[PDB]
Amino acid sequence: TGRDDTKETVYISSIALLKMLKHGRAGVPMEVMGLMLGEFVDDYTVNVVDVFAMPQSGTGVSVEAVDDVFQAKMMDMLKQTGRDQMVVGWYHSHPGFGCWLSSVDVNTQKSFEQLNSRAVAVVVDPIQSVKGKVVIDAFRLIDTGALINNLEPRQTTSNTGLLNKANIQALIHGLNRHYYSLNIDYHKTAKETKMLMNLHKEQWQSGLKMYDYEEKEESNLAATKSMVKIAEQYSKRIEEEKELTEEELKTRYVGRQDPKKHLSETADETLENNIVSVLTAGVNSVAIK
Amino acid sequence: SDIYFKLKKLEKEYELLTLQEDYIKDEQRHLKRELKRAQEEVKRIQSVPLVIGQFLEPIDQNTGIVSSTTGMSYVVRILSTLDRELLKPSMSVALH
Amino acid sequence: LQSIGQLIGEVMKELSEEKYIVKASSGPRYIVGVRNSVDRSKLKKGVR
Amino acid sequence: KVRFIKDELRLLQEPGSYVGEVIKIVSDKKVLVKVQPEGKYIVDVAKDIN
Amino acid sequence: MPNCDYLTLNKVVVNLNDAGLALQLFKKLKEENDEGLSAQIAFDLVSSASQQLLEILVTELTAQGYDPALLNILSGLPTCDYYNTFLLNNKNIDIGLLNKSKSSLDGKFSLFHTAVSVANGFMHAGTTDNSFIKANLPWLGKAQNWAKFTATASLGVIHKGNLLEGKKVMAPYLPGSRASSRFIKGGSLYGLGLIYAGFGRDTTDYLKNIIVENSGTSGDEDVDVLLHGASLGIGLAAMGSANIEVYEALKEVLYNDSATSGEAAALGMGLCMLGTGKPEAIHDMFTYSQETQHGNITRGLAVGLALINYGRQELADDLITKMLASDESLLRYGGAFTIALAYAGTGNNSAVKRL
Amino acid sequence: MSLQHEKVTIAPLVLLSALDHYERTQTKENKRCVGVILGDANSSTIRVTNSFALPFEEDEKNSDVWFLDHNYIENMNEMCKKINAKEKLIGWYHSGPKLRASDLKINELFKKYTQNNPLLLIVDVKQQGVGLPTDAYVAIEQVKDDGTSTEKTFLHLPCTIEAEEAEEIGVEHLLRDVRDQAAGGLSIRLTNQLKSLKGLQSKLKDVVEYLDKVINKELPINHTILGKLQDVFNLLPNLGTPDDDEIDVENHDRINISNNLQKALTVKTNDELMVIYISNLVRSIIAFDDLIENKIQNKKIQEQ
Amino acid sequence: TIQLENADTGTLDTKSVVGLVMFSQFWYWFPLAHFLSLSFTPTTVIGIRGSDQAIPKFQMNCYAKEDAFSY
């Protein structure tokens, strides 16, 4: 044939993720749209370098609800700064339901497909997102020819061949009907990594400050006293231990959320803080004068 | 002596065991940092927003039955290192 | 439009100094956080 | 210890579970189930129970 | 010494990998010539060594003057033919492979088709076998994509060896004698390089024409798939023969920014010039790895770096630190395998800790 | 204009955008990408939400020569009011690497478009300082320290950087390091004490040096610097005072509790030992029992 | 069978090792997965009848063991 009908693994930068997410969530509940600017290379790579949002609508995303006068005006700026790049797909946020596509969004999808042969749709649902990465997938049109003549899974070949689900129920429904989903990847250069992270100027101040001592008499006093109540129960657990079954041990003497595990945990965690506190205090006095 | 010249090659082999022994300490450190990271996610879920139910009865001891003020009724999984002794009496509970 | 509506409730019970428990006029009870814009003196148990 | 906390955080992250009660068995190896706060939904049984 | 066992003399020639000790070996047996002792060592030398050594030696034996009996054996020519003859007699076809592929799986799905195509080549290795081929004829025939590449490629592995039938199996599927699709045409060149993997000076001369014709062009999709298999074909068939014609020809393809065929070019360079420790290879490969933003081409260059650094040990520590320090996913990936190949086939403490 | 401006929080979208723009205008070798900074202001906390490049030139021969496009700003402001309601021009960024005195002159013109005092937000594109690269400034006017010449000069506003909870999740998990914005165990907190002290060391050196160059080179006097640094000496602790004696009572209290915590953990690991010692006797008996029990089984087969 | 190190002379073959590295990599390109063909080395005793370079068929003794399958 004349095609290879394969979907790209989508590389989304640092620069693009935050813009997509910030606009989706401030704007939610209300479906919102905007284009994605990038670079196309290969047939298995598509870059989402930058993005810009396009104005709100309460009629959801349609081809009759977009502002083309706005798109034009932006591309005119884009040329005067010398940053012009080609449109590589489009992004939208659904307002409250998982990544899937409705009919209205297939109509919007179809025309980006015509404009640029390969293009992606990245769909951000920012209120089922909690790791900044979950419930964000890319999608791409499946042709009607692809279903009936089995030219749909040529995108499972010459790639990793894995698809990682965020919503099992929601993806699987549109996976045969009207889209094929392929997994998303993230990227940055090393200049970006350092910027994204930052180094704090208060990182050095909080190192060299020993906290108030009123809060420290309280800390030691409270902690050492609390470990007496559970120290006693640690004996009663192990009165017998030669009895079979781990759940059994916990049911006889009420060792549920074990007194060995809790008491130890308390011993390690107050211990970590006290060593660091005597360290900070001794550092400041010897250092400064 | 024959054993002794065969040894030379054995001693190199024991040296890779030495390097396994140095390698454990490097794996250990990675896991310990990460156990605290794994735990941080679960604290996000413990805290706000929450939606208030009323705890009915345990049906297991790791999975319960609740009701909500949402207008519905669910089966929910009980997260660990929390009290299972204070779900016996029906009392208000919070679900994520 | 970009500012987006809200839903009225009232403090069912003050639980902390930055966190409150409320009942909404949609029916449901929530445990909510409080923004640092708004005062916590003007928040007291039973206030809209 | 890492696998255990990871396992638990995952249970939360699944959407919920509900509760019903089998009212009848039909001949297509489906079951009519009454979901207690909502309506009745008739559905193919699970792939590990019969 | 005048009375020794030559099995052990051969041990030394192979391990060090020197054509000068190899010749010094055949001088003793030119003054003490019995055709049996001389041929026996000759056969054992080819079998055990690399191809690279044998080529250097042959030149030395035509200058010296020798029997043509010895000259055939150390071209490595008759050694191929015996193996085929054995595999002819003793081949056995599995029923479990045919049944499961036929009934359950389909060649209509790309990922399935490819797996069945990978298997077939390994299973029926030796002489041609047509039992897989004529039964699963509509299944092979109903492929799509690069699953069609896989199918064509498998013909070469099964019909491995054979210098008197190994150009005839690929003869209708060759470019200029087919036009069915770009996949069949390029996967037949990929296949031809597996028939004539190891030895194949003659397979090199043919594929060289295919490379230098299409240089400058991969702005057609057809050309890109055709040349993909053509660049892999020559790296396999010329592997370790040290041609600076191949290395130079494939730089045009790489600099053109060929989409699938830049990955191929990178591997095809490094195979030929493998273990030479070429300073120019290491340098050229590295620069254009950093340079190309296409992800396929970087990966091929990153792996092809490894190959040059076969057998370096200590002088590959400059390379290894550069590959691993980079923040590119592809550079580090091949960076591990610089360490695999340098100390390959004997242990090493420094290498095991680093990894 | 504005008399409310204490701190400028910066989201990492803004810091990255500025960084990108420098490298997508092809402006390098200490030439300047200058852009407008967008977001809410006229608040104690200034928050910069977004940024975009402006057309900009400079000639370093004469810095009283530069190109700023007058069409472009208006058009961008109109567009930017649509996307978020947050966005309005609250200053301009400079790409650094330092604060040139050429930056006043630009700031002077920039005041006209703005609805506030414009901010001069330096974002360094090459990383610097034990502290942040990003340092914020506001144009104010004041009298010098020679009591002569009222000069418009730039008031440092400190920075800590912040992002909404919308952006932040994507930051935390994209990051694939240790982080200086989060921390793990004790081991990482030993690191932190070495890093924090190293920053003091370097910073002290700058203060001494500054004192040198005033009395050598003879740069003009500043009672802002000299006056603040006067305070430092009276704040200074000294040794031999009753106060240090009260530190030592607290150091005994905290190490003693750390001793009892350690003893406790000796009994904990003394438990694990036991469980294993019990496990060892049970495993060894049943392991052997099986072998014996198998011999009898085999024996039935042999007999007929 | 694959042979990592041949016992003909008892010394490493380079070609063998290369083949395995190319086979194991196929992660972003599954089409590239025929590369065991340098790695497979034939296992059979093959004679020569004198210097005629023709294979004689004759009988050789083998000490242990009688297999019920190779088919």
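Residue numbers (full-length UniProt numbering), protein chains in the order written: chain X, 18 to 306; chain Z, 45 to 140; chain P, 98 to 145; chain R, 54 to 103; chain B, 217 to 571; chain G, 1 to 304; chain E, 714 to 784.
Backbone N, C-alpha and C fix where the C-beta goes; we use that ideal spot for every residue, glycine too.
- Task: Name the one or two DSSP bridge partners that X:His204 has.
- Result: Locating residue 204 of chain X in the first sequence gives position 187, where the first residue counts as 1. Answer by DSSP bridge pairing, in chain order: X:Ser30.
- Message: Extract the residue ranges of the beta strand (DSSP E) inside the segment 262-291 of chain B, only unbroken runs of 3 or more that lie entirely within it.
- Response: none
Minimum Cβ-Cβ distance from R:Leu65 to chain Z less than 7 Å | In the fourth sequence, counting from the first residue as 1, residue 65 of chain R sits at position 12. With 7 Å as the cut-off, R:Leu65 counts as an interface residue toward chain Z.
Any alpha helix (DSSP H) of 4 or more consecutive residues that is wholly inside the segment 303-387 of chain B = 311-319, 326-339, 347-351, 353-357, 363-374
By how many angstroms is the C-alpha of X:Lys306 removed from the C-alpha of G:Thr160? Stepping through the sixth sequence from its first residue, residue 160 of chain G is reached at position 160. Stepping through the first sequence from its first residue, residue 306 of chain X is reached at position 289. The straight-line gap from Cα to Cα measures roughly 29 Å.
Quiz prompt | chain Z contact residues for B:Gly563, given Cβ-Cβ distances below 8 Å | solution = Working through the fifth sequence from its first residue, we reach residue 563 of chain B at position 347. Here the neighbours are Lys56, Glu57, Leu60.
Among G:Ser187, G:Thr153, G:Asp103, G:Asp206, which one has its Cα closest to the Cα of residue 355 of chain X?
A query on residue 355 of chain X cannot be resolved here, the shown segment of chain X reaching from 18 to 306 and no further.
Measuring CA to CA, which of X:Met37, X:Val295, X:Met47, X:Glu265 is closest to X:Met227? Working through the first sequence from its first residue, we reach residue 227 of chain X at position 210. The shortest C-alpha separation from X:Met227 is found at X:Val295.
- [ ] Measure the C-alpha to C-alpha separation of B:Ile513 and Z:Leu123 and round it to an integer number of angstroms.
- [x] Counted from its first residue, the fifth sequence places residue 513 of chain B at position 297. Counted from its first residue, the second sequence places residue 123 of chain Z at position 79. For B:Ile513 and Z:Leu123, the distance between alpha carbons rounds to 48 Å.
Exercise. Give a yes or no on whether the minimum CB-CB distance between Z:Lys87 and chain G is below 7 Å.
Key: Against the second sequence, residue 87 of chain Z aligns to sequence position 43. With 7 Å as the cut-off, Z:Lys87 does not count as an interface residue toward chain G.
Worksheet entry | For B:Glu468, three-class secondary structure by DSSP | Here residue 468 of chain B corresponds to residue number 252 of the fifth sequence, with the count starting at 1. DSSP places B:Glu468 in helix when its eight states are reduced to three.
Exercise. By Cβ distance, which residues of its chain are closer than 7 Å to E:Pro769, with the 5 residues on each side in sequence left out?
Worked result: Taking the seventh sequence and counting its residues from 1, one reaches residue 769 of chain E at position 56. Cβ within range, chain order: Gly760, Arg762.
**Study point:** As assigned by DSSP and simplified to three states, the class of X:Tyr196
**Key:** Position 179 of the first sequence, counting from 1, holds the residue named residue 196 of chain X. Three-state result, X:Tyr196: coil.
Query raised in the report: Which two residues bound the contiguous alpha helix (DSSP H) that contains E:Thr727?
Result: In the seventh sequence, the residue the question calls residue 727 of chain E occupies position 14. Its alpha helix (DSSP H) spans residues 727-737.
Quiz item: Does any residue of chain X bring its CB to less than 7 Å from the CB of B:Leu448?
Solution: Counting from 1 along the fifth sequence, the entry for residue 448 of chain B is found at position 232. No, B:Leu448 lies away from the interface with chain X (no Cβ there is under 7 Å from its Cβ).
Quiz prompt | Integer Cβ distance of X:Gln172 from X:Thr62, believed to fall under 8 Å | solution = Taking the first sequence and counting its residues from 1, the one referred to as residue 172 of chain X is at position 155. Taking the first sequence and counting its residues from 1, the one referred to as residue 62 of chain X is at position 45. 13 Å between Cβ atoms; not a contact.
_Coarse secondary structure for X:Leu52, derived from DSSP in three states_ = As a first step, residue 52 of chain X is located in the first sequence; it is residue number 35 there, counting from the start. X:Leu52: strand per DSSP, three-state reduction.
task: Report back the beta-carbon spacing between R:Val55 and Z:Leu75 to the nearest angstrom; my notes put them in contact at under 8 Å.
output: Locating residue 55 of chain R in the fourth sequence gives position 2, counting from the first residue. Locating residue 75 of chain Z in the second sequence gives position 31, counting from the first residue. Yes, R:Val55 and Z:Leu75 are in contact; Cβ-Cβ is about 6 Å, under 8 Å.
message = Between B:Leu521, B:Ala560, B:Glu530, B:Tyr282, which has its C-alpha nearest B:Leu547's C-alpha?
response = Taking the fifth sequence and counting its residues from 1, the one referred to as residue 547 of chain B is at position 331. Measuring from the Cα of B:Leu547, the nearest candidate turns out to be B:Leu521.
request  = Run down chain B in chain order and give the residues with a C-beta less than 9 Å from the C-beta of Z:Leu63.
outcome  = The residue given as residue 63 of chain Z occupies position 19 in the second sequence. Here the neighbours are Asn565, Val568, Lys569.
Quiz prompt | Contact set for E:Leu745: own chain, Cβ-Cβ below 7 Å, skip 5 residues either direction | solution = Taking the seventh sequence and counting its residues from 1, one reaches residue 745 of chain E at position 32. Answer for E:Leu745: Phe739, listed in chain order.
Check your understanding: Exposed or buried, X:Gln126, counting other C-beta atoms within 10 Å across all chains shown (16 or more means buried)?
Key -> Here residue 126 of chain X is taken as the residue at index 109 of the first sequence, counted from 1. Buried, since its Cβ has 16 or more Cβ neighbours within 10 Å.
inquiry  = Using a Cβ distance threshold of 8 Å, determine whether the segment 90-104 of chain G contacts the segment 175-182 of chain X, with at least three qualifying pairs required.
reply    = no
For Z:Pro102, three-class secondary structure by DSSP:
Sequence index remark: in the second sequence, residue 102 of chain Z carries index 58 (1-based). Strand.
(Q) Taking CB distances under 7 Å as the criterion, tell me whether residue 334 of chain X reaches chain P. (A) Because chain X in this structure spans residues 18 to 306, residue 334 of chain X falls outside the shown range and cannot be described.
> Ordered along the chain, which non-local residues of its own chain (more than five positions away) have a Cβ less than 8 Å from that of X:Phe57?
Replying inline: For this step, residue 57 of chain X is matched to residue 40 along the first sequence. If we look at X:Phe57 and ignore the five residues flanking it on each side, its Cβ neighbours are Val63, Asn64, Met103, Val105, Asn133, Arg135.
Checklist entry - Under a Cβ-count criterion, where at least 16 other Cβ atoms within 10 Å of its own Cβ denotes burial, should G:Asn234 be classed as buried or exposed? => result Numbered from 1 along the sixth sequence, position 234 holds the residue referred to as residue 234 of chain G. It counts as exposed.
task = Answer yes or no: does any C-beta atom of chain Z fall closer than 7 Å to that of X:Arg20?
result = By one-based count along the first sequence, residue 20 of chain X stands at place 3. With 7 Å as the cut-off, X:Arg20 does not count as an interface residue toward chain Z.
Status (buried if at least 16 other CB within 10 Å, exposed otherwise) for G:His94:
Indexing the sixth sequence from 1 puts residue 94 of chain G at position 94. The residue is buried, with at least 16 neighbouring Cβ atoms inside 10 Å.
- [ ] Determine the extent of the alpha helix (DSSP H) in which G:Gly91 is found, giving its start and end residues.
- [x] For this step, residue 91 of chain G is matched to residue 91 along the sixth sequence. Taken as a continuous stretch (DSSP letters only), G:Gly91 belongs to no alpha helix (DSSP H), being part of the beta strand (DSSP E) at 88-94.
* What residue range is occupied by the uninterrupted beta strand (DSSP E) comprising G:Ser51? -> Residue numbering aside, residue 51 of chain G sits at position 51 when the sixth sequence is read from its first letter. Counting along the chain, the beta strand (DSSP E) containing G:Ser51 begins and ends at 50-54.
Could you tell me the boundaries of the beta strand (DSSP E) in which G:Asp212 lies?
As a working note, residue 212 of chain G is residue 212 in the sixth sequence. It is not in any beta strand (DSSP E) - G:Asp212 instead sits in the alpha helix (DSSP H) that spans 186-215.
Proximal chain E residues relative to X:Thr62, where beta-carbon distance stays under 7 Å: Counted from its first residue, the first sequence places residue 62 of chain X at position 45. Residues of chain E passing the Cβ test: none, with the nearest at roughly 10 Å.
**Cβ shell of B:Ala532 (< 6 Å), same chain only, five flanking positions each side left out** = Here the question's residue 532 of chain B lines up with position 316 in the fifth sequence. Excluding residues within five positions, the ones whose Cβ falls inside 6 Å are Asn525, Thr554, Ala558.
Taking the alpha carbon of G:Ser44 as the reference point, which residue from G:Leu89, G:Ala166, G:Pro158 has its own alpha carbon closest?
Counting from 1 along the sixth sequence, the entry for residue 44 of chain G is found at position 44. For the residues G:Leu89, G:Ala166, G:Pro158, the minimum Cα distance to G:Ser44 belongs to G:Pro158.
Checklist entry - Are the C-beta atoms of X:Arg273 and some chain Z residue less than 7 Å apart? => result Taking the first residue of the first sequence as position 1, residue 273 of chain X is located at position 256. It does: the Cβ of X:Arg273 has a partner Cβ on chain Z nearer than 7 Å.
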